[PDB]
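Enquirer: Have a look at the structure that comes next, please.
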Amino acid sequence: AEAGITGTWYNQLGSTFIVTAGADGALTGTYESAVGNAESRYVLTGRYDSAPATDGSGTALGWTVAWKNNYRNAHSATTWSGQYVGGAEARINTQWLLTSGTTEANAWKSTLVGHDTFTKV
Amino acid sequence: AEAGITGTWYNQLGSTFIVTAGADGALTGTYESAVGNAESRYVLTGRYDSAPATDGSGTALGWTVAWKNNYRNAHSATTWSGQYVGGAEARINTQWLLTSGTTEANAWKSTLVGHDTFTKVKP
Amino acid sequence: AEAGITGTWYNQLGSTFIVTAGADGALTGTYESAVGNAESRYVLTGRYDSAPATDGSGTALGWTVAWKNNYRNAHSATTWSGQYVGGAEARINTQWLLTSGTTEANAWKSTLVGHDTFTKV
Amino acid sequence: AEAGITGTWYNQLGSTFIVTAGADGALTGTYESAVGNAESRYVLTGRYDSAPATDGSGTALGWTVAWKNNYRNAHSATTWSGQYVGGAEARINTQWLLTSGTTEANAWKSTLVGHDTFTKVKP
Amino acid sequence: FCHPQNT
Amino acid sequence: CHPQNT
Amino acid sequence: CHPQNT
Amino acid sequence: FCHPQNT
């Protein structure tokens with residue numbers, strides 16, 4: 001249900017996403033790759049529907065990560081768009097777009113698409 | 001360079017995007033349709049590469065708008081992902097994903113996908 | 001491995017896809033929704049890599065379905081793009097695009113995107 | 001109408017698509033890049049709506065190209081999904097998915113996505 | 001149910 | 001209808 | 001490089 | 001491994 005988004009979530013590959021959901025729709029936290037060494041961490045920011053429908057629907061959300069921090073800069077950014085579903089087995093079901101900064105010539109091959117399912121386990 | 005990205009941008013269908021780029025890599029601003037007026041305005045948050053590769057490379061960036069403000073709630077969220085290419089004609093070319101909250105049975109048809117190009121008109 | 005694609009496959013929602021893979025890259029068959037009544041069946045056609053790499057890689061494939069038959073016409077078409085993985089537990093992992101014929105005004109909201117995983121069970 | 005779709009079409013990067021539309025809803029033809037020449041030509045197969053809604057609606061269609069011919073094998077397949085809009089300027093507007101065969105560990109970055117517009121030049 | 005693709 | 005685009 | 005586009 | 005996003 002709404003605030004159930006705050007916590008620690010894992011995708012199917014061991015990456016960890018730690019998020020805080022503000023009462024008026026803000027999403028803030030960090031993302032770190034598997035292996036888990038302390039800078040593999042990158043900053044994330046987003047938005048979610050703070051007043052969802054009362055029929056059995058999921059909660060729409062989204063967020064961005066630019067792949068630069070104090071140690072590395074991979075000249076790319078990823079956006080995840082999807083919906084939160086609560087219950088005894090909570091999950092966030094998503095799809096994502098990864099774009100890289102390219103020259104004009106390589107602009108057609110700049111973006112990847114995939115899907116991820118986050119659980120608290 | 002945050003300076004080149006900061007301004008008023010417009011897409012091909014008449015929507016408005018006003019944005020500011022902070023020096024730590026943050027993006028903040030508002031998005032509105034061609035109807036204009038106060039509310040069609042919604043809050044947006046994103047991130048960009050504050051230290052871009054030189055070359056004639058583009059700068060990578062992304063942002064989210066959830067479609068709820070104080071007048072309407074469409075129960076959906078859009079994310080745009082692309083790159084800023086500067087010059088005389090600066091442009092932000094992107095691809096977007098729009099997800100709607102659905103019940104489990106209709107989850108398979110929850111997401112629309114599409115693409116947008118923005119021309120700049122002001123800092 | 002290559003010809004392992006010929007057979008009967010099921011996605012996570014009970015839809016059945018029956019395919020024949022030709023030695024030179026053709027893909028032919030039928031698709032039918034769950035419930036299974038005999039016209040819920042629609043025609044499909046596609047292409048796959050008939051000479052894949054010898055390192056542990058999957059086999060790239062793709063196919064189309066226009067949603068018209070003798071009983072119904074839903075003025076739409078779906079394309080699935082992905083890769084076959086063989087072994088004791090074979091699967092086809094995909095992503096898909098569903099476009100509807102719209103007027104110029106509604107062209108921006110004409111396409112949906114999702115993902116499907118087919119198994120022989 | 002199969003007639004309007006049949007012809008030689010070109011996209012914004014200089015690639016060529018030659019296609020024929022059969023009356024049972026089938027699409028058959030060849031796709032080639034701007035280098036031209038014999039092989040850069042690959043086989044394509046697709047389907048379309050042979051009985052479109054009237055209105056000023058577009059006709060839905062889709063096709064696949066696997067990137068293997070008798071001179072090269074790139075070990076990938078592309079699918080285009082869109083619609084045919086007729087008039088003086090007939091166009092096919094599409095979105096595409098390009099998948100590469102990878103090992104299990106790199107499966108997460110196997111698919112590229114993008115969009116293409118085709119202008120007609122011949123039946 | 002109301003698109004032939006799923007269920 | 002949606003507010004993303006008119 | 002790929003043959004889809006130059 | 002060679003993109004920070006996964007593993």
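For the structure tokens, the naming scheme is as follows: chains receive sequential letters (A, B, ...) according to their order of presentation, residues are indexed from 1 within each chain, and ligands are indexed from 1 in presentation order.
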Let's have chain A fitted on chain C; use all the C-alpha atoms paired in order for the least-squares step and return it as a compact mmCIF listing (two decimals) with N, CA, C and O atoms, in the first residue's frame.

Expert:
# COMPACT_ATOMS: atom_id res chain seq x y z
N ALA A 1 18.97 -26.09 -28.91
CA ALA A 1 19.93 -25.94 -29.98
C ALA A 1 19.06 -25.66 -31.21
O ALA A 1 17.92 -26.12 -31.14
N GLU A 2 19.52 -25.00 -32.28
CA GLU A 2 18.76 -24.67 -33.50
C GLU A 2 17.31 -25.16 -33.65
O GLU A 2 16.40 -24.51 -33.15
N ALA A 3 17.09 -26.36 -34.20
CA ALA A 3 15.76 -26.92 -34.42
C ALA A 3 14.86 -27.10 -33.19
O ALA A 3 13.67 -27.36 -33.34
N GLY A 4 15.41 -26.89 -31.99
CA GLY A 4 14.69 -27.01 -30.73
C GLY A 4 13.51 -26.04 -30.62
O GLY A 4 12.69 -26.15 -29.71
N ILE A 5 13.51 -25.03 -31.50
CA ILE A 5 12.46 -24.03 -31.57
C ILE A 5 11.17 -24.70 -32.10
O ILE A 5 10.07 -24.28 -31.72
N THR A 6 11.24 -25.73 -32.96
CA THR A 6 10.02 -26.32 -33.47
C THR A 6 9.39 -27.03 -32.29
O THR A 6 10.04 -27.72 -31.50
N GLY A 7 8.08 -26.77 -32.17
CA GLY A 7 7.26 -27.32 -31.12
C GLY A 7 6.11 -26.39 -30.70
O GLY A 7 5.70 -25.47 -31.43
N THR A 8 5.57 -26.75 -29.51
CA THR A 8 4.47 -26.03 -28.85
C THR A 8 4.95 -25.37 -27.56
O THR A 8 5.43 -26.02 -26.62
N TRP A 9 4.75 -24.05 -27.52
CA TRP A 9 5.19 -23.22 -26.40
C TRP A 9 4.04 -22.42 -25.78
O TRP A 9 3.06 -22.00 -26.43
N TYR A 10 4.21 -22.20 -24.49
CA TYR A 10 3.23 -21.47 -23.69
C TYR A 10 3.84 -20.26 -22.96
O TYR A 10 5.01 -20.33 -22.49
N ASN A 11 3.12 -19.13 -22.95
CA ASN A 11 3.65 -18.00 -22.22
C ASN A 11 3.03 -18.08 -20.83
O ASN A 11 2.20 -18.94 -20.51
N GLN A 12 3.45 -17.19 -19.96
CA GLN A 12 3.01 -17.12 -18.57
C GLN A 12 1.53 -16.87 -18.29
O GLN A 12 1.12 -16.92 -17.14
N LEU A 13 0.76 -16.59 -19.35
CA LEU A 13 -0.65 -16.31 -19.28
C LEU A 13 -1.50 -17.38 -19.98
O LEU A 13 -2.69 -17.14 -20.23
N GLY A 14 -0.98 -18.56 -20.39
CA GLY A 14 -1.81 -19.58 -21.05
C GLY A 14 -2.02 -19.44 -22.57
O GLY A 14 -2.80 -20.19 -23.16
N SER A 15 -1.42 -18.46 -23.26
CA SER A 15 -1.55 -18.32 -24.72
C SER A 15 -0.67 -19.41 -25.35
O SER A 15 0.39 -19.71 -24.75
N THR A 16 -1.04 -20.05 -26.47
CA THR A 16 -0.23 -21.08 -27.07
C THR A 16 0.30 -20.61 -28.43
O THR A 16 -0.45 -20.06 -29.23
N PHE A 17 1.58 -20.85 -28.70
CA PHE A 17 2.26 -20.50 -29.93
C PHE A 17 2.85 -21.85 -30.41
O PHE A 17 3.57 -22.57 -29.69
N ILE A 18 2.41 -22.20 -31.62
CA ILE A 18 2.82 -23.44 -32.29
C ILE A 18 3.68 -23.03 -33.47
O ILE A 18 3.19 -22.32 -34.35
N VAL A 19 4.99 -23.35 -33.47
CA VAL A 19 5.92 -23.01 -34.57
C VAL A 19 6.78 -24.11 -35.25
O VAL A 19 7.20 -25.08 -34.61
N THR A 20 7.08 -23.88 -36.55
CA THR A 20 7.93 -24.71 -37.41
C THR A 20 9.10 -23.82 -37.83
O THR A 20 8.92 -22.69 -38.28
N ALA A 21 10.34 -24.27 -37.64
CA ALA A 21 11.53 -23.52 -38.02
C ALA A 21 12.19 -24.16 -39.28
O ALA A 21 12.55 -25.35 -39.29
N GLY A 22 12.24 -23.46 -40.42
CA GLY A 22 12.86 -23.95 -41.64
C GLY A 22 14.39 -23.91 -41.57
O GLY A 22 14.96 -22.99 -40.96
N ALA A 23 15.12 -24.86 -42.19
CA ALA A 23 16.59 -24.91 -42.16
C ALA A 23 17.28 -23.61 -42.56
O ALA A 23 18.37 -23.33 -42.04
N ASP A 24 16.65 -22.76 -43.38
CA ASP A 24 17.28 -21.51 -43.75
C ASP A 24 16.81 -20.19 -43.12
O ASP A 24 16.98 -19.10 -43.70
N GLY A 25 16.21 -20.31 -41.94
CA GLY A 25 15.77 -19.13 -41.22
C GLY A 25 14.31 -18.76 -41.23
O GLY A 25 14.02 -17.67 -40.74
N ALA A 26 13.37 -19.56 -41.71
CA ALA A 26 11.97 -19.10 -41.69
C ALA A 26 11.27 -19.54 -40.46
O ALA A 26 11.72 -20.50 -39.87
N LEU A 27 10.27 -18.79 -40.04
CA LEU A 27 9.49 -19.15 -38.84
C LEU A 27 8.03 -19.06 -39.30
O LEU A 27 7.64 -18.04 -39.90
N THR A 28 7.22 -20.12 -39.07
CA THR A 28 5.80 -20.16 -39.49
C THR A 28 4.95 -20.89 -38.46
O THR A 28 5.46 -21.81 -37.80
N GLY A 29 3.68 -20.48 -38.30
CA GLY A 29 2.78 -21.14 -37.35
C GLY A 29 1.52 -20.33 -37.00
O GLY A 29 1.07 -19.39 -37.71
N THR A 30 0.97 -20.69 -35.83
CA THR A 30 -0.22 -20.04 -35.32
C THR A 30 -0.11 -19.64 -33.83
O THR A 30 0.67 -20.21 -33.03
N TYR A 31 -0.92 -18.64 -33.44
CA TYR A 31 -1.01 -18.10 -32.09
C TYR A 31 -2.47 -18.10 -31.65
O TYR A 31 -3.36 -17.70 -32.40
N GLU A 32 -2.75 -18.57 -30.45
CA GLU A 32 -4.10 -18.56 -29.93
C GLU A 32 -4.10 -18.25 -28.43
O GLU A 32 -3.23 -18.66 -27.65
N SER A 33 -5.04 -17.37 -28.09
CA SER A 33 -5.27 -16.88 -26.73
C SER A 33 -5.58 -18.00 -25.74
O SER A 33 -5.79 -19.15 -26.17
N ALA A 34 -5.61 -17.78 -24.41
CA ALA A 34 -5.99 -18.83 -23.46
C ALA A 34 -7.49 -19.12 -23.72
O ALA A 34 -8.07 -18.47 -24.59
N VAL A 35 -8.26 -19.97 -23.02
CA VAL A 35 -9.68 -20.33 -23.29
C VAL A 35 -9.48 -21.35 -24.41
O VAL A 35 -10.03 -22.45 -24.33
N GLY A 36 -8.74 -21.07 -25.49
CA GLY A 36 -8.43 -22.02 -26.54
C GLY A 36 -9.45 -22.37 -27.60
O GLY A 36 -9.16 -23.23 -28.45
N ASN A 37 -10.62 -21.75 -27.61
CA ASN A 37 -11.65 -22.04 -28.61
C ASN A 37 -11.05 -21.86 -29.99
O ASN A 37 -10.29 -20.93 -30.20
N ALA A 38 -11.38 -22.69 -30.96
CA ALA A 38 -10.83 -22.64 -32.31
C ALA A 38 -11.04 -21.48 -33.29
O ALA A 38 -11.48 -21.64 -34.43
N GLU A 39 -10.71 -20.30 -32.78
CA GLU A 39 -10.66 -18.98 -33.36
C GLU A 39 -10.76 -17.73 -32.48
O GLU A 39 -11.25 -16.62 -32.68
N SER A 40 -9.57 -18.02 -31.97
CA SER A 40 -8.75 -17.28 -31.07
C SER A 40 -7.40 -17.52 -31.81
O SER A 40 -6.35 -17.03 -31.42
N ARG A 41 -7.40 -18.23 -32.97
CA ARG A 41 -6.22 -18.52 -33.71
C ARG A 41 -6.09 -17.52 -34.82
O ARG A 41 -7.07 -17.14 -35.49
N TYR A 42 -4.83 -17.07 -34.85
CA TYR A 42 -4.33 -16.10 -35.80
C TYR A 42 -2.99 -16.59 -36.32
O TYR A 42 -2.24 -17.33 -35.67
N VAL A 43 -2.73 -16.18 -37.55
CA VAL A 43 -1.51 -16.48 -38.31
C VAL A 43 -0.24 -15.63 -37.96
O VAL A 43 -0.32 -14.38 -37.77
N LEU A 44 0.92 -16.33 -37.86
CA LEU A 44 2.20 -15.67 -37.60
C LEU A 44 3.30 -16.02 -38.62
O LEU A 44 3.31 -17.07 -39.25
N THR A 45 4.29 -15.17 -38.86
CA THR A 45 5.40 -15.40 -39.76
C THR A 45 6.67 -14.67 -39.18
O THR A 45 6.52 -13.57 -38.59
N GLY A 46 7.90 -15.19 -39.38
CA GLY A 46 9.11 -14.57 -38.86
C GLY A 46 10.44 -15.07 -39.43
O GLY A 46 10.42 -15.82 -40.41
N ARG A 47 11.57 -14.70 -38.79
CA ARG A 47 12.95 -15.06 -39.11
C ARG A 47 13.79 -15.34 -37.82
O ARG A 47 13.50 -14.85 -36.70
N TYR A 48 14.80 -16.22 -37.90
CA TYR A 48 15.72 -16.56 -36.81
C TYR A 48 17.16 -16.79 -37.36
O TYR A 48 17.38 -16.99 -38.58
N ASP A 49 18.22 -16.75 -36.55
CA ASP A 49 19.61 -16.99 -37.03
C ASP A 49 19.78 -18.52 -37.15
O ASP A 49 19.72 -19.24 -36.13
N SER A 50 19.88 -19.02 -38.39
CA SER A 50 20.05 -20.45 -38.70
C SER A 50 21.48 -20.96 -38.52
O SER A 50 21.71 -22.15 -38.60
N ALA A 51 22.48 -20.11 -38.23
CA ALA A 51 23.86 -20.51 -38.01
C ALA A 51 24.39 -19.75 -36.79
O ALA A 51 25.15 -18.79 -36.95
N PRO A 52 23.93 -19.98 -35.56
CA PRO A 52 24.36 -19.24 -34.37
C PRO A 52 25.83 -19.50 -33.95
O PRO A 52 26.48 -20.45 -34.43
N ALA A 53 26.37 -18.69 -33.03
CA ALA A 53 27.74 -18.82 -32.56
C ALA A 53 27.88 -20.04 -31.67
O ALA A 53 26.95 -20.42 -30.96
N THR A 54 29.09 -20.62 -31.71
CA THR A 54 29.50 -21.81 -30.97
C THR A 54 29.98 -21.60 -29.53
O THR A 54 30.39 -22.55 -28.84
N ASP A 55 30.01 -20.35 -29.05
CA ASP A 55 30.36 -20.09 -27.66
C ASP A 55 28.98 -20.27 -26.96
O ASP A 55 27.97 -20.41 -27.67
N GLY A 56 28.78 -20.22 -25.64
CA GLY A 56 27.44 -20.44 -25.07
C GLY A 56 26.30 -19.42 -25.36
O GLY A 56 25.47 -19.25 -24.45
N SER A 57 26.20 -18.74 -26.51
CA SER A 57 25.16 -17.78 -26.82
C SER A 57 23.75 -18.31 -27.15
O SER A 57 23.60 -19.48 -27.52
N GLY A 58 22.69 -17.51 -27.01
CA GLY A 58 21.31 -17.93 -27.33
C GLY A 58 21.14 -17.68 -28.85
O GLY A 58 22.04 -17.06 -29.46
N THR A 59 20.04 -18.14 -29.47
CA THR A 59 19.70 -17.96 -30.89
C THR A 59 18.71 -16.81 -31.12
O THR A 59 17.57 -16.94 -30.69
N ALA A 60 19.11 -15.71 -31.75
CA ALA A 60 18.26 -14.57 -32.05
C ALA A 60 17.10 -14.91 -33.02
O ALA A 60 17.27 -15.65 -34.01
N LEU A 61 15.90 -14.43 -32.68
CA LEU A 61 14.69 -14.64 -33.46
C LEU A 61 13.68 -13.49 -33.36
O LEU A 61 13.91 -12.54 -32.61
N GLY A 62 12.58 -13.51 -34.13
CA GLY A 62 11.55 -12.49 -34.08
C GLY A 62 10.35 -12.95 -34.89
O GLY A 62 10.55 -13.92 -35.63
N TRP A 63 9.11 -12.44 -34.72
CA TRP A 63 7.92 -12.77 -35.52
C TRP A 63 6.80 -11.72 -35.32
O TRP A 63 6.87 -10.98 -34.34
N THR A 64 5.82 -11.63 -36.23
CA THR A 64 4.66 -10.73 -36.33
C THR A 64 3.32 -11.49 -36.33
O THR A 64 3.29 -12.65 -36.76
N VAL A 65 2.22 -10.89 -35.84
CA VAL A 65 0.82 -11.38 -35.84
C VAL A 65 -0.04 -10.16 -36.09
O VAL A 65 0.21 -9.14 -35.49
N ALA A 66 -0.91 -10.12 -37.10
CA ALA A 66 -1.85 -9.03 -37.39
C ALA A 66 -3.10 -9.69 -36.83
O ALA A 66 -3.41 -10.88 -37.08
N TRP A 67 -3.84 -8.90 -36.05
CA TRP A 67 -5.02 -9.40 -35.34
C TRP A 67 -6.40 -9.35 -36.02
O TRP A 67 -7.38 -8.85 -35.50
N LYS A 68 -6.41 -10.12 -37.13
CA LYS A 68 -7.53 -10.33 -38.02
C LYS A 68 -7.59 -11.80 -38.43
O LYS A 68 -6.56 -12.47 -38.62
N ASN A 69 -8.79 -12.36 -38.50
CA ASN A 69 -9.01 -13.73 -38.95
C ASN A 69 -10.43 -13.80 -39.53
O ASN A 69 -10.98 -12.76 -39.89
N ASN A 70 -11.13 -14.91 -39.63
CA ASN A 70 -12.46 -14.94 -40.22
C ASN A 70 -13.68 -14.50 -39.46
O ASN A 70 -14.78 -14.31 -39.99
N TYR A 71 -13.44 -14.36 -38.18
CA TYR A 71 -14.43 -14.00 -37.22
C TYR A 71 -14.25 -12.59 -36.66
O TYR A 71 -15.27 -11.91 -36.42
N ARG A 72 -13.01 -12.11 -36.44
CA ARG A 72 -12.73 -10.80 -35.85
C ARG A 72 -11.64 -9.94 -36.47
O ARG A 72 -10.76 -10.50 -37.12
N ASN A 73 -11.66 -8.62 -36.31
CA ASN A 73 -10.61 -7.77 -36.82
C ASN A 73 -10.39 -6.68 -35.81
O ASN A 73 -11.22 -5.75 -35.71
N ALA A 74 -9.29 -6.75 -35.05
CA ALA A 74 -8.98 -5.78 -34.02
C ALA A 74 -8.04 -4.67 -34.44
O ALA A 74 -7.40 -4.06 -33.59
N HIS A 75 -7.85 -4.44 -35.76
CA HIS A 75 -7.01 -3.36 -36.35
C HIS A 75 -5.68 -2.97 -35.62
O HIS A 75 -5.37 -1.79 -35.34
N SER A 76 -4.89 -4.03 -35.38
CA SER A 76 -3.62 -4.03 -34.69
C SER A 76 -2.71 -5.17 -35.12
O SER A 76 -3.16 -6.17 -35.71
N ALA A 77 -1.41 -5.06 -34.75
CA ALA A 77 -0.32 -5.98 -35.06
C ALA A 77 0.72 -6.00 -33.93
O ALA A 77 1.02 -4.93 -33.41
N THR A 78 1.29 -7.15 -33.56
CA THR A 78 2.29 -7.30 -32.52
C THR A 78 3.55 -7.98 -33.07
O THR A 78 3.41 -8.94 -33.82
N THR A 79 4.76 -7.52 -32.67
CA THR A 79 6.06 -8.06 -33.07
C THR A 79 6.76 -8.49 -31.76
O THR A 79 6.65 -7.74 -30.77
N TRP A 80 7.42 -9.67 -31.66
CA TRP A 80 8.15 -10.16 -30.48
C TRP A 80 9.60 -10.25 -31.00
O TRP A 80 9.77 -10.73 -32.12
N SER A 81 10.68 -9.81 -30.32
CA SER A 81 12.11 -9.82 -30.72
C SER A 81 12.81 -10.48 -29.53
O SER A 81 12.50 -10.12 -28.39
N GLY A 82 13.72 -11.47 -29.59
CA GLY A 82 14.31 -12.08 -28.40
C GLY A 82 15.33 -13.20 -28.67
O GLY A 82 16.03 -13.18 -29.69
N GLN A 83 15.52 -14.18 -27.80
CA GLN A 83 16.47 -15.24 -28.10
C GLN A 83 16.11 -16.57 -27.44
O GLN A 83 15.50 -16.67 -26.36
N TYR A 84 16.33 -17.63 -28.20
CA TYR A 84 16.07 -19.00 -27.75
C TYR A 84 17.27 -19.53 -26.95
O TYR A 84 18.42 -19.31 -27.34
N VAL A 85 17.06 -20.24 -25.84
CA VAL A 85 18.12 -20.83 -25.02
C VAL A 85 17.75 -22.30 -24.86
O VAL A 85 16.62 -22.65 -24.49
N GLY A 86 18.63 -23.21 -25.24
CA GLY A 86 18.31 -24.64 -25.14
C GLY A 86 18.82 -25.26 -23.83
O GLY A 86 19.33 -24.59 -22.93
N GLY A 87 18.69 -26.58 -23.69
CA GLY A 87 19.18 -27.24 -22.49
C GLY A 87 18.07 -28.12 -21.98
O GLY A 87 17.07 -28.31 -22.70
N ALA A 88 18.24 -28.67 -20.77
CA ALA A 88 17.21 -29.51 -20.17
C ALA A 88 15.97 -28.64 -19.92
O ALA A 88 14.84 -29.10 -20.06
N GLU A 89 16.09 -27.35 -19.61
CA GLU A 89 14.92 -26.50 -19.42
C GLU A 89 14.92 -25.38 -20.50
O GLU A 89 15.41 -24.25 -20.31
N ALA A 90 14.42 -25.70 -21.69
CA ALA A 90 14.39 -24.75 -22.78
C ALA A 90 13.35 -23.62 -22.64
O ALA A 90 12.25 -23.83 -22.08
N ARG A 91 13.78 -22.44 -23.10
CA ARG A 91 12.94 -21.24 -23.09
C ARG A 91 13.29 -20.22 -24.18
O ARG A 91 14.41 -20.18 -24.70
N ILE A 92 12.33 -19.35 -24.49
CA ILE A 92 12.41 -18.28 -25.45
C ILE A 92 12.10 -17.06 -24.61
O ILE A 92 10.99 -16.91 -24.10
N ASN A 93 13.06 -16.15 -24.49
CA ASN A 93 12.93 -14.92 -23.73
C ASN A 93 12.68 -13.73 -24.69
O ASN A 93 13.50 -13.51 -25.63
N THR A 94 11.53 -13.02 -24.55
CA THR A 94 11.21 -11.91 -25.46
C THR A 94 10.75 -10.56 -24.92
O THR A 94 10.42 -10.40 -23.76
N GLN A 95 10.66 -9.56 -25.77
CA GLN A 95 10.07 -8.24 -25.46
C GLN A 95 9.07 -8.01 -26.66
O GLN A 95 9.28 -8.56 -27.75
N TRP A 96 7.99 -7.22 -26.65
CA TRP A 96 7.13 -7.09 -27.83
C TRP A 96 6.54 -5.69 -28.00
O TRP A 96 6.54 -4.95 -27.01
N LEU A 97 6.11 -5.27 -29.22
CA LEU A 97 5.52 -3.96 -29.49
C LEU A 97 4.15 -4.22 -30.11
O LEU A 97 4.09 -5.01 -31.05
N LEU A 98 3.06 -3.59 -29.64
CA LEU A 98 1.67 -3.77 -30.13
C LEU A 98 1.27 -2.40 -30.63
O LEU A 98 1.24 -1.48 -29.80
N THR A 99 1.09 -2.21 -31.95
CA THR A 99 0.64 -0.94 -32.49
C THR A 99 -0.83 -1.04 -32.98
O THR A 99 -1.21 -2.12 -33.48
N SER A 100 -1.69 0.00 -32.82
CA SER A 100 -3.06 0.00 -33.30
C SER A 100 -3.21 1.03 -34.42
O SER A 100 -2.51 2.05 -34.44
N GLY A 101 -4.07 0.83 -35.42
CA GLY A 101 -4.26 1.82 -36.45
C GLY A 101 -5.12 2.91 -35.81
O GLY A 101 -6.23 2.65 -35.30
N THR A 102 -4.58 4.14 -35.74
CA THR A 102 -5.21 5.34 -35.16
C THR A 102 -5.30 6.48 -36.16
O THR A 102 -4.75 6.38 -37.26
N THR A 103 -5.98 7.58 -35.78
CA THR A 103 -6.05 8.81 -36.55
C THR A 103 -4.76 9.58 -36.23
O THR A 103 -4.01 9.24 -35.30
N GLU A 104 -4.41 10.64 -36.96
CA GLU A 104 -3.21 11.44 -36.72
C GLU A 104 -3.10 12.00 -35.29
O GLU A 104 -2.03 12.03 -34.67
N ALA A 105 -4.26 12.41 -34.78
CA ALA A 105 -4.39 12.98 -33.45
C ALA A 105 -3.98 12.04 -32.32
O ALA A 105 -3.43 12.47 -31.30
N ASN A 106 -4.21 10.74 -32.53
CA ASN A 106 -3.92 9.74 -31.52
C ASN A 106 -2.69 8.91 -31.78
O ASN A 106 -2.38 7.90 -31.11
N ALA A 107 -1.95 9.33 -32.80
CA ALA A 107 -0.73 8.62 -33.17
C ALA A 107 0.26 8.48 -31.99
O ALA A 107 0.84 7.41 -31.77
N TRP A 108 0.43 9.47 -31.08
CA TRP A 108 1.38 9.34 -29.99
C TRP A 108 1.06 8.24 -28.99
O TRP A 108 1.95 7.69 -28.33
N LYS A 109 -0.17 7.81 -28.89
CA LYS A 109 -0.53 6.79 -27.93
C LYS A 109 -0.88 5.47 -28.66
O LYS A 109 -1.61 4.60 -28.16
N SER A 110 -0.34 5.20 -29.83
CA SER A 110 -0.63 3.99 -30.60
C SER A 110 0.11 2.66 -30.25
O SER A 110 -0.39 1.60 -30.65
N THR A 111 1.21 2.67 -29.49
CA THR A 111 2.04 1.51 -29.20
C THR A 111 2.30 1.07 -27.75
O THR A 111 2.83 1.84 -26.95
N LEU A 112 2.05 -0.19 -27.39
CA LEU A 112 2.33 -0.75 -26.08
C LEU A 112 3.63 -1.62 -26.10
O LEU A 112 4.03 -2.12 -27.16
N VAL A 113 4.33 -1.83 -25.00
CA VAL A 113 5.55 -2.62 -24.93
C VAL A 113 5.44 -3.56 -23.74
O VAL A 113 4.89 -3.20 -22.71
N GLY A 114 5.86 -4.81 -23.84
CA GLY A 114 5.81 -5.71 -22.71
C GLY A 114 6.87 -6.76 -22.89
O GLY A 114 7.68 -6.65 -23.81
N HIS A 115 6.92 -7.82 -22.08
CA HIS A 115 7.93 -8.87 -22.23
C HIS A 115 7.27 -10.24 -22.04
O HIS A 115 6.23 -10.28 -21.35
N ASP A 116 7.70 -11.40 -22.61
CA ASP A 116 7.05 -12.72 -22.41
C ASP A 116 8.09 -13.82 -22.33
O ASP A 116 9.10 -13.71 -23.05
N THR A 117 7.88 -14.88 -21.55
CA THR A 117 8.83 -15.98 -21.48
C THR A 117 8.04 -17.24 -21.76
O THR A 117 7.16 -17.61 -20.97
N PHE A 118 8.39 -17.86 -22.88
CA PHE A 118 7.76 -19.08 -23.35
C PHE A 118 8.38 -20.39 -22.88
O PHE A 118 9.61 -20.48 -22.92
N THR A 119 7.66 -21.40 -22.38
CA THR A 119 8.29 -22.65 -22.02
C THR A 119 7.43 -23.74 -22.66
O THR A 119 6.32 -23.49 -23.16
N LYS A 120 7.92 -24.98 -22.74
CA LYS A 120 7.19 -26.08 -23.32
C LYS A 120 6.24 -26.77 -22.34
O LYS A 120 5.66 -27.79 -22.69
N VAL A 121 6.07 -26.22 -21.13
CA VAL A 121 5.24 -26.72 -20.03
C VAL A 121 4.04 -25.75 -19.92
O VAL A 121 2.89 -26.20 -19.93

Enquirer: Excluding residue 23 in chain D and its own-chain neighbours fewer than 5 positions away, which residues fall within 9 Å of it when counting only C-alpha atoms? Please give them as a ChimeraX atom specification.

Expert: /D:1-2,50

Enquirer: Where does DSSP see strand (DSSP E or B) in range 73-115 of chain B, if you list the residues as a list in words?

Expert: residues 73, 74, 75, 76, 77, 78, 79, 80, 81, 82, 83, 84, 85, 91, 92, 93, 94, 95, 96, 97, 98, 99, 100, 111, 112, 113, 114 and 115 of chain B

Enquirer: Write the selection just made, keeping C-alpha atoms, as a CSV table (one decimal), in the first residue's frame?

Expert:
chain,number,residue,atom,x,y,z
B,73,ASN,CA,-4.9,12.7,-11.2
B,74,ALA,CA,-4.5,10.5,-14.2
B,75,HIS,CA,-2.9,7.6,-12.1
B,76,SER,CA,0.1,7.1,-14.4
B,77,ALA,CA,3.8,8.1,-14.6
B,78,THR,CA,6.1,8.9,-17.6
B,79,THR,CA,10.1,8.7,-17.8
B,80,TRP,CA,12.0,10.3,-20.7
B,81,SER,CA,15.6,9.0,-21.4
B,82,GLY,CA,17.9,10.7,-24.1
B,83,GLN,CA,20.7,13.2,-24.8
B,84,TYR,CA,21.5,16.8,-25.1
B,85,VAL,CA,23.3,17.9,-28.3
B,91,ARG,CA,18.2,19.6,-29.0
B,92,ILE,CA,17.2,17.0,-26.6
B,93,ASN,CA,16.3,13.8,-28.3
B,94,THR,CA,14.5,11.2,-26.2
B,95,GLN,CA,12.4,7.9,-25.9
B,96,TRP,CA,9.7,7.6,-23.3
B,97,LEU,CA,7.7,5.1,-21.3
B,98,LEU,CA,4.2,5.8,-19.8
B,99,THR,CA,2.9,3.3,-17.2
B,100,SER,CA,-0.7,3.3,-15.8
B,111,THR,CA,2.9,0.6,-20.7
B,112,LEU,CA,3.0,2.8,-23.8
B,113,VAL,CA,6.3,3.7,-25.4
B,114,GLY,CA,7.1,6.6,-27.8
B,115,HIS,CA,9.8,9.4,-28.7

Enquirer: What does the distance from CA of residue 12 in chain D to CA of residue 31 in chain D come to in Å, to one decimal?

Expert: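 CA of residue 31 in chain D lies 14.0 Å from CA of residue 12 in chain D.
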